[PDB]
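Asker: below: the sequence, then the experimentally determined structure.
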Amino acid sequence: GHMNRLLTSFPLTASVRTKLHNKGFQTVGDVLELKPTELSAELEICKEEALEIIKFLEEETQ
Ligand SMILES: [Zn+2]
(Lines give C-alpha, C1' and ligand atoms only; values in the text may rest on other atoms or scores of the structure.)
Protein backbone atom coordinates (compact mmCIF):
# COMPACT_ATOMS: atom_id res chain seq x y z
CA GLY A 1 0.00 0.00 0.00
CA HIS A 2 2.99 2.24 0.65
CA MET A 3 5.36 0.98 -2.00
CA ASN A 4 6.96 4.41 -2.33
CA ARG A 5 7.99 4.79 1.31
CA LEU A 6 11.78 5.06 1.77
CA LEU A 7 13.60 1.98 3.19
CA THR A 8 15.51 4.31 5.54
CA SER A 9 12.24 5.19 7.33
CA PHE A 10 12.08 1.59 8.75
CA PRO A 11 14.07 0.10 11.60
CA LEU A 12 15.79 -2.48 9.37
CA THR A 13 19.07 -3.83 10.74
CA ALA A 14 22.04 -1.55 10.23
CA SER A 15 23.75 -4.29 8.21
CA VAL A 16 20.92 -4.77 5.76
CA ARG A 17 20.35 -1.00 5.45
CA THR A 18 23.97 -0.74 4.32
CA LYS A 19 23.53 -3.59 1.83
CA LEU A 20 20.29 -2.09 0.42
CA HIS A 21 21.87 1.33 -0.04
CA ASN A 22 25.09 -0.02 -1.55
CA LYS A 23 23.15 -2.14 -4.08
CA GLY A 24 20.96 0.90 -4.95
CA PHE A 25 17.58 0.07 -3.38
CA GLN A 26 15.42 3.05 -2.34
CA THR A 27 11.82 2.19 -1.59
CA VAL A 28 9.63 -0.56 -0.19
CA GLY A 29 8.53 -1.30 -3.75
CA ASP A 30 12.14 -1.91 -4.78
CA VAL A 31 12.28 -4.77 -2.29
CA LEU A 32 8.72 -6.09 -2.69
CA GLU A 33 9.20 -6.35 -6.47
CA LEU A 34 11.36 -9.44 -5.72
CA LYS A 35 10.91 -12.97 -4.44
CA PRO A 36 13.28 -14.03 -1.65
CA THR A 37 15.64 -15.85 -4.02
CA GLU A 38 15.76 -12.82 -6.35
CA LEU A 39 16.40 -10.41 -3.50
CA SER A 40 19.04 -12.65 -1.92
CA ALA A 41 20.93 -12.88 -5.22
CA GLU A 42 21.00 -9.11 -5.62
CA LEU A 43 22.04 -8.39 -2.02
CA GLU A 44 24.48 -11.32 -1.81
CA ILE A 45 22.71 -12.74 1.27
CA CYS A 46 20.91 -16.01 1.91
CA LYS A 47 17.26 -16.62 1.01
CA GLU A 48 16.00 -16.52 4.61
CA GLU A 49 17.50 -13.10 5.26
CA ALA A 50 15.84 -11.84 2.08
CA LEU A 51 12.52 -13.35 3.18
CA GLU A 52 12.88 -11.52 6.49
CA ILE A 53 13.11 -8.09 4.79
CA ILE A 54 10.15 -8.87 2.55
CA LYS A 55 7.89 -10.13 5.35
CA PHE A 56 8.70 -7.16 7.57
CA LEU A 57 7.93 -4.61 4.86
CA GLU A 58 4.73 -6.49 3.94
CA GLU A 59 3.35 -6.24 7.50
CA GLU A 60 4.50 -2.64 8.05
CA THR A 61 2.99 -1.21 4.83
CA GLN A 62 -0.24 -3.08 5.69
ZN1 LIG B 1 12.91 -3.47 -11.16
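Answerer: Great, that's in hand. Numbering: from 1, shown residues only.
Asker: ok, and what's touching the helix or strand harbouring residue 56?
Answerer: Assigned by DSSP states H and E, residue 56 belongs to helix 47-60. Here helix 47-60 makes contact (C-beta atoms under 8 Å, 6 or more residues apart in numbering) with 10, 12, 16, 20, 28, 31-32, 34, 36-40, 43. All C-beta spots, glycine's among them, are computed from the backbone N, C-alpha and C.
Asker: redo that, cut-off 10 Å
Answerer: 1-3, 5, 7, 9-13, 15-16, 19-20, 25, 27-43, 45-46 (C-beta atoms under 10 Å, 6 or more residues apart in numbering).
Asker: can you state the direction angle for the host helix or strand of residue 22 and helix 47-60?
Answerer: Taking DSSP H and E as the criterion, residue 22 maps to helix 14-23. Computed by axes from the mean of the first three to the mean of the last three C-alpha atoms, to 10 degrees, the angle separating helix 14-23 from helix 47-60 equals 90 degrees.
Asker: packing partners of whichever helix or strand comes after helix 14-23?
Answerer: On the C-terminal side of helix 14-23, the closest following helix or strand by DSSP H and E is helix 28-32. Packed against helix 28-32 by the contact rule (3 or more C-beta pairs under 10 Å, 6 or more residues apart in numbering; DSSP states H and E) you find helix 14-23, helix 36-43, helix 47-60.
Asker: how about the longest one: buried residues?
Answerer: Buried residues in helix 47-60, counting neighbours by 16 or more other C-beta atoms under 10 Å, are found at 49, 50, 52, 53, 54, 56, 57.
Asker: do the same with the second one
Answerer: Residues of helix 36-43 classed as buried under the neighbour-count rule (16+ other C-beta under 10 Å) are 36, 39, 40, 42, 43.
Asker: list the residues that contact the fourth one.
Answerer: For residue 42, the set of contacting residues under the criterion of C-beta under 10 Å, 6+ apart consists of 19, 20, 23, 24, 25, 30, 31, 34, 50.
Asker: save those as TSV, and put in distance to residue 62 too.
Answerer: As requested, the contacts of residue 42 are exported to TSV (distance: C-beta to C-beta, whole Å):
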residue	distance to residue 62
19	24
20	20
23	25
24	25
25	19
30	17
31	14
34	17
50	19
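Asker: what strand or helix carries residue 45?
Answerer: Counting by DSSP H and E, residue 45 is found in no helix or strand.
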